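# Architecture and fold: a report
Now for the letters of each chain:
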There are 4 protein chains.
Amino acid sequence: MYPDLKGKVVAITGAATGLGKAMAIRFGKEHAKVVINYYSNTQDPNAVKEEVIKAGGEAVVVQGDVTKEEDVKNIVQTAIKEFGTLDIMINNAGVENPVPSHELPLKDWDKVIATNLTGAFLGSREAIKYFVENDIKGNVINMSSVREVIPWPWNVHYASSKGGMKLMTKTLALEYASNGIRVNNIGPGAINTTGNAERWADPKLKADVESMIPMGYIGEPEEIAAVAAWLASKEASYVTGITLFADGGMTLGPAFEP
Amino acid sequence: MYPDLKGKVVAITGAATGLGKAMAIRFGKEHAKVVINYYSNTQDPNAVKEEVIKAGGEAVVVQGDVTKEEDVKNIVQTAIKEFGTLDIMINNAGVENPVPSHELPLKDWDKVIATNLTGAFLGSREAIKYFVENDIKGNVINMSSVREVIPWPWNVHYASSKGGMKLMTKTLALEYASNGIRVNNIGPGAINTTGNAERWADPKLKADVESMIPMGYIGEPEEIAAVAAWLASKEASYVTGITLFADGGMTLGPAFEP
Amino acid sequence: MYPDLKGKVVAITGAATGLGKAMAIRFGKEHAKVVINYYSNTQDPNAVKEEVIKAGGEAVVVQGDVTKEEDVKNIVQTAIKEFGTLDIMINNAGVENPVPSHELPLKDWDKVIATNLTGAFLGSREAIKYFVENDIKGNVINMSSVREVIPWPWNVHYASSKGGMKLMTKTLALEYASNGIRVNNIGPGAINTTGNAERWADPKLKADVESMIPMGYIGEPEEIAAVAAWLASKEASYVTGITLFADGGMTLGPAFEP
Amino acid sequence: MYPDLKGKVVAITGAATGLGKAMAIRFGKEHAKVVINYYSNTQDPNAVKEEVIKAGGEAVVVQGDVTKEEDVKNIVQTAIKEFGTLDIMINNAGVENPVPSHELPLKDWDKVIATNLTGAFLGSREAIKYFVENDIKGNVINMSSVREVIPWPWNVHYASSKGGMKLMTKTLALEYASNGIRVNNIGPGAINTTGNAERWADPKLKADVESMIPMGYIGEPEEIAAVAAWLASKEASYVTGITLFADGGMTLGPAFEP
Ligand SMILES: NC(=O)c1ccc[n+]([C@@H]2O[C@H](COP(=O)([O-])OP(=O)(O)OC[C@H]3O[C@@H](n4cnc5c(N)ncnc54)[C@H](O)[C@@H]3O)[C@@H](O)[C@H]2O)c1
Ligand SMILES: NC(=O)c1ccc[n+]([C@@H]2O[C@H](COP(=O)([O-])OP(=O)(O)OC[C@H]3O[C@@H](n4cnc5c(N)ncnc54)[C@H](O)[C@@H]3O)[C@@H](O)[C@H]2O)c1
Ligand SMILES: NC(=O)c1ccc[n+]([C@@H]2O[C@H](COP(=O)([O-])OP(=O)(O)OC[C@H]3O[C@@H](n4cnc5c(N)ncnc54)[C@H](O)[C@@H]3O)[C@@H](O)[C@H]2O)c1
Ligand SMILES: NC(=O)c1ccc[n+]([C@@H]2O[C@H](COP(=O)([O-])OP(=O)(O)OC[C@H]3O[C@@H](n4cnc5c(N)ncnc54)[C@H](O)[C@@H]3O)[C@@H](O)[C@H]2O)c1
């Protein structure tokens, strides 16, 4: 779809599952060269690698924990070693776990902040460093959420991580705009990743989730991957510092019932 | 680029010049059927029609003043008469004129509100009516500005019109989401439309405009047309109620100078 | 409560009822000199005048329709004639009426825009002109709503008027900040004015209103009047261009149900 | 000024200097019972205690580092032990340090996040727990910044911490609204605390700071303390989940130059 993405090198964190996997595959369809970071050898990154190649791309995998600076550096170095450059960095890894806020253990708060916000900072930091050093007009996409604007009871750490990610992105976008580097957030609403489809199998829970979505359906991973491909492309040449919400209307509030 | 736009009927207000013209031409490249509304026979809508056809589309022209309800209805009827349906409505017409706010004549305020905000309401209203009557999963794009969020001294009427357009869009998006209708704003920053390129020919004024733009350049009309094509396409299937800023970073504030 | 408000001249539109009345009486408690604008003498503005006086203030009444520039000018002139100056302008008059948006008559759209947005522009324009000409470090308070940020199906004209008011206020605040003039919005949520106690008399409608309010109760007019007294006072000396939401949490979304 | 604050117990972090000190003294003027948390005894917290007392309040001091959960718990325990209850928690401690973002050490990132965001989470968590357990209609004030909305090149950790604080506050306000607990941010612009008078002593730096402020002056600490006293008081009974910016117009953008 986007001819300019052919041959671009894109690194994606948390790409063995979910939205990261879907983005990897979509960049494959665009004939990009994808670095699939994954967290654990309990996962199946090689299946993603095969799907990216089948779709029309090239791919390698690399284990790394985005809460470890050395591992983030190694993700970037993997792009350089395997494909010779880096063009697009997608900080997608994230976690969540609900607990009443007055009871939330500090170590749970810390894990969510470290993965979701600090990890995205480190990935952004490392990619931008490389881009500035090598005069690359690179692109960073940070995977946020509707929860960068909509508060989330029982998930104060998650909300804080995404609200922080918004200002992190805006600051990096402003700081590095003169270098021709673009930095943007995607804000998904409720998406039918495997894990979410399973937890929302219960018809009552499913209906509750859908009640929050004006469009009336839970989105598919490909509908988020579409956004990432567009933002990374030169079609979005004049777009930086934004959050592009792809949420079925969730940021408007719950579905309207007359 | 977007195969699903082939054969879609798109009506664009204020399309004899500027961003409306650029959007018309881009939808031509996507093989759409374009209704080019224009304000005055002092303009050259037929040149746009020819460019849309050359680009790969079909096109007709229709005169109409978006501050006249009958004329807005006639724009929609022109789509139905000429092409048999309407799929995408783009409310692009606008005006501006700077005056210190405490001195702004009411008739100037009224003209800007009527064109920029009421006109977009009427166009949105009429398109959505048609879509609901005919079970069309249609799309409305309202042309806003960075001035839906950034205040604009000497242009209180313009700012108010765009701030209002934001809530107009969000409300229609929420109200009609269950009908499969998407409604979004585009928020351009400073763009090199012919009129702006002329007024910004003065090197000092040009530099002042550029100083407000983190990316350091004034955008081209095609960079806005790219956004409209994407939003109207099924790539943006899960996107409604947003404002997609395409502004070189202007909503981040002025360019960063260390 | 605020010693600096004693003897300040405050003009309030729509002050014979509802929030405007409550604000008039509160400024009376602060020993201000209040210009009570009213729409019709069938509203009993003289009863408000008497309540302002009993509360500790001075007051006069003046009829005027904020959709007529001459009447807005006459409100400001009344302050000058009766009390010798103007210090605070509160643009409070407003209307609403729900209709499905694709069916909303232009007449209705126009009435809401004219009252709610253009009327506030004219009152702001006129007060600021006086303040600038006379070196008054004046204050303008525009009565907005949570609907300057929360969309409102069936009320697209109302939402547009308040979204516009946000950018009107921000623009005036920026334009006139160097003159020492402050301009701010108040954003009430659901308030138990007489008109809304009627609107929400039905127990099921009331319950539904309350369900949208995290604090769980519909506010009282005095809770809004408190905000206006503070913003007008020197306690808020460093506050301009804001919207102060007083909404029981409505902008957070509906009440949280675990 | 606010009669309902007499005898209320307010704990304030970072209260030996700057805005925290100013808030302590202002609550003293309101005849509150103030718990002055301080970081080091080299800051002379007992001088603040004496100023609170002279102003009309009661006060105790307690050392604690808000990056240690046990110290945060001990702040809350100090209120209970010394004064018998807690009514208002003000999470004010903060740090900053500018570094180009691609060069920012993780250690520095971590310190800013831990102090500014995690520290405010822990103080909020602990106060809210107490309030819920004891049926107190308590209040939390988190000291944010204009940088919860305005990006800040070279200060990505600071901006992230405040952007996160916004969503932390909104989430807690929503989660606990039904308990009658209010949670709000204050968003100062540039304030003439001792540390910033030092930072901005240079005339050219000072002028540049002022150029970003529509009102044209750097605020004084008492102008922020005024906001905290109001938000903590029953005047703000219907106010929760907001950010009250007190910034001379900074969120509007830089001062307007025609
Ligand atoms: N799916 C949704 O509905 C939804 C909605 C909004 C936002 N998001 C965001 O999308 C992103 C992807 O999540 P998802 O929904 O695909 O869920 P997911 O759990 O499938 O994906 C998250 C991935 O991150 C990886 N990961 C976790 N911690 C990591 C670490 N320390 N280092 C490296 N990898 C790590 C996980 O192993 C997993 O592969 C997240 O940022 C999430 O917040 C998802
Ligand atoms: N060019 C920019 O830098 C820029 C930036 C932000 C937003 N915008 C927005 O883009 C839109 C298009 O403007 P543009 O920059 O191309 O300027 P333009 O003046 O070339 O285009 C505006 C068009 O609207 C038409 N028009 C005006 N009043 C009308 C009426 N009553 N009925 C019908 N048509 C009418 C004009 O004749 C003209 O063709 C506007 O909404 C404007 O606010 C432009
Ligand atoms: N009460 C609420 O819950 C609520 C919520 C959000 C915002 N508001 C806003 O508060 C303001 C006051 O409304 P209210 O709730 O007290 O309702 P209200 O209807 O009781 O008061 C509105 C007043 O405005 C006057 N008015 C209307 N059109 C006018 C005109 N053309 N010229 C002069 N006066 C005119 C009416 O006569 C009336 O006295 C409005 O701006 C409204 O949008 C109210
Ligand atoms: N002064 C301004 O212009 C300004 C502007 C916006 C926001 N703020 C915010 O106001 C708050 C107060 O800062 P300030 O300007 O008064 O600066 P300050 O440096 O004078 O005060 C910060 C205080 O926090 C204390 N502190 C720092 N780390 C701590 C820790 N780990 N544990 C306990 N105490 C600790 C310091 O010792 C100091 O007393 C901060 O949150 C800051 O971000 C200040």
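Structural data are supplied above this passage.
Here's a quick rundown of the structure.

A count of helices and strands for chain A gives eight helices and seven strands. By the compact-globule yardstick of 18 Å for 258 residues, chain A fits well, its C-alpha radius of gyration being 18 Å. In terms of its C-alpha atoms, chain A occupies a principal-axis envelope of roughly 50 × 40 × 35 Å. Across the 258 residues of chain A, 64% fall into the buried class. Element-wise, carbon and sulfur atoms account for 50% of the exposed surface of chain A, whose accessible area totals about 8900 Å².

On to the pattern of salt bridges, then. Residue and element names in this part refer to chain A. Under the defined criterion, the tally for this structure stands at 32 salt bridges over all chains. Salt-bridge contacts for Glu 50 lead to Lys 49; the nearest nitrogen and oxygen are separated by 3.9 Å. Take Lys 49: its relative accessible area is 23%, and that puts it in the partly exposed class. If you follow the salt bridges from partner to partner, you end up with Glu 69, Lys 73, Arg 125 and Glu 126 in one network.

Right, let's get into the sheet that holds strand β5 (residues 139–143) of chain A. Adjacent strands of a sheet form backbone hydrogen bonds with each other and so pair up, either parallel or antiparallel. Residue and element names in this part refer to chain A. Spatial strand order, β3-β2-β1-β4-β5-β6-β7: seven strands in an open sheet with parallel pairing. For this open sheet the edge positions go to β3 (58–63) and β7 (243–246), each flanked by a neighbour on one side alone. Taken pair by pair, the neighbouring strands of this sheet meet at an average axis angle of 20 degrees, ignoring direction. When strand β6 (residues 182–188) meets β7, the two strands line up parallel, connected through four bridges.

Turning to the packing of helix α8 (residues 221–232) of chain C against helix α8 (residues 221–232) of chain D, a few remarks are in order. Between α8 of chain C and α8 of chain D, the least distance of the axes is 12 Å, while the angle of their chain directions is 170 degrees. Considering their axes alone, α8 of chain C and α8 of chain D lie roughly antiparallel with respect to each other. Seen from α8 of chain C, the contacting residues are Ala 226, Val 227 and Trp 230 of chain C; seen from α8 of chain D, they are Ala 226, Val 227 and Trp 230 of chain D. Taken together, the residues of the contact of α8 of chain C with α8 of chain D sort by class into six nonpolar, no polar and no charged.

Moving on: the interface of chain A and chain D. Each partner contributes to the interface: chain A provides 39 residues, whereas chain D provides 39 residues. Our count for the contact surface shared by chain A and chain D stands at zero salt bridges. Here chain A is connected to chain D by 14 residue pairs in polar contact. Of all the elements in the fold, those that place two or more residues in the side of chain A that touches chain D are α4 (106–133) and α5 (156–176) of chain A. When its residues are assigned to classes, the side of chain A that touches chain D shows 23 nonpolar, seven polar and nine charged.

When chain B is fitted to chain C, the residual RMSD is 0.3 Å, and the transformation amounts to a turn of 180 degrees plus an axial shift of 0.1 Å. Interpreted geometrically, this transformation is the action of a two-fold axis. Considering only C-alpha atoms, the residue of chain B closest to the rotation axis is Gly 164 of chain B, which sits at 2.0 Å. Both copies present the same face, since 100% of the interface residues in chain B are matched by interface residues at the equivalent positions in chain C.

Another point: the site of ligand 3. Residues and elements named next belong to chain C. Neighbouring ligand 3 are 26 residues, the closest being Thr 17, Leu 19, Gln 43, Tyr 158 and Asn 196. Between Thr 17 and ligand 3, the recorded distance is 2.7 Å, taken from a side-chain N or O atom to an oxygen atom. A distance of 3.0 Å separates an oxygen atom of ligand 3 from a polar atom in the side chain of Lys 162. Out of a free accessible area of 820 Å², ligand 3 has 86% covered by protein chains. Only α1 (18–29) and α5 (156–176) provide two or more residues apiece to the shell around ligand 3. Considering only residue class, the shell around ligand 3 consists of ten nonpolar, 14 polar and two charged.

This part covers the relation of the copies chain A and chain D. The two copies are related by a screw motion: chain A maps onto chain D through a turn of 180 degrees and a shift of 0.1 Å along the axis, at an RMSD of 0.3 Å. Of all interface residues in chain A, 100% are interface residues in chain D too; the two copies therefore contact each other through one and the same surface.

All names here are of chain C. Interhelical geometry of helix α4 (residues 106–133) versus α5 gives an angle of 15 degrees and a closest axis separation of 8 Å. Taken together, α4 and α5 sit at an angle that is classed as roughly parallel. Note that α4 runs across α5; the crossing there is right-handed. Only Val 156, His 157, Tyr 158, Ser 160, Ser 161, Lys 162, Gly 164, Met 165, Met 168, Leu 172 and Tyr 176 of α5 make contact with α4, whose side of the interface consists of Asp 108, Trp 109, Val 112, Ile 113, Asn 116, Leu 117, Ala 120, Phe 121, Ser 124, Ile 128 and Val 132.

Taken together, the 39 residues of chain B in the interface contact 39 residues of chain C. Buried area between chain B and chain C, both sides added, is near 3000 Å², and the carbon and sulfur share of it is 71%. On inspection of chain B and its partner chain C, the count reaches zero salt bridges. Taken together, the connections running from chain B to chain C amount to 14 residue pairs in polar contact. Looking at the side of chain B that touches chain C, the elements with two or more residues in it are α4 (106–133) and α5 (156–176) of chain B. Sort the elements by how many residues they give to the side of chain B that touches chain C and α5 of chain B lands first, with 14 residues.

Reading guide: rules and limits
- Residues numbered from 1 in each chain as written, not as in the entry; some residues may be left out.
- Chains lettered and ligands numbered in written order.
- Heavy atoms only, no water.
- Helix = DSSP H or I, 4+ residues; strand = E, 2+ residues; numbered from the N terminus.
- Rg over C-alpha atoms; globule rule 2.2 N^0.38 Å.
- Buried < 20%, exposed > 50% of the residue type's maximum accessible area, 1.4 Å probe, protein only.
- Areas by Shrake-Rupley, 256 points an atom, 1.4 Å probe, with all protein chains shown as cover.
- Salt bridge = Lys/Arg side-chain N within 4 Å of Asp/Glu carboxyl O.
- Pairing = 2+ DSSP bridges.
- Axes fitted to C-alpha atoms, helices over the stretch in contact; angles between N-to-C directions.
- Parallel < 35°, antiparallel > 145°, perpendicular 65-115°, else oblique.
- Contact = heavy atoms within 4.5 Å.
- Nonpolar A, V, L, I, M, F, W, Y, C, P; charged D, E, K, R; others polar.
- Polar contact = N/O pair within 3.5 Å; in protein donor to acceptor, adjacent residues only side chain to side chain.
- Least-squares fit on C-alpha atoms.
- Near = heavy atom within 4 Å.
- Left-handed = near helix turned anticlockwise from the far one by under 90°.
- Buried area = accessible area lost by both parts, 1.4 Å probe.

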